[PDB]
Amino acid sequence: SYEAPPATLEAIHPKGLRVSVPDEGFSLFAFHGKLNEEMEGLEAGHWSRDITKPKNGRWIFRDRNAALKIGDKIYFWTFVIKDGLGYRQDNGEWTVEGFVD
């Protein structure tokens, strides 16, 4: 049965974090994440935000001010509502390996 799609994360040059999932017929996408500190289960995170509509096919979370560095780790989990039911990407871990213009 259904599983949340994996998120794509990008570090932006000169600054910023962008996180997105494809719209698979959701009503809601939430991102919950911490920088260089593990998530202790389903805690809110330093980044914690509900996104309520997709934009051109994707659900997008942005922190335009996040100044990331190579080797920074983001520990995260996401939440999507599909047909009134909730699904998570659990135990997300992403390492900055480069930047996007």
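Numbering starts at 1 and runs along the sequence shown.
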property	result
Mean temperature factor over C-alpha atoms, higher-scoring stretch between 72 to 80 and 33 to 41	33 to 41
Higher-scoring stretch by recorded Cα B factor average, 55 to 63 or 23 to 31	55 to 63
Relative C-alpha B-factor of residue 9, binned into the chain's lowest, middle or highest third	lowest
Third of the chain's Cα B-factor distribution that residue 15 belongs to, per the entry	highest
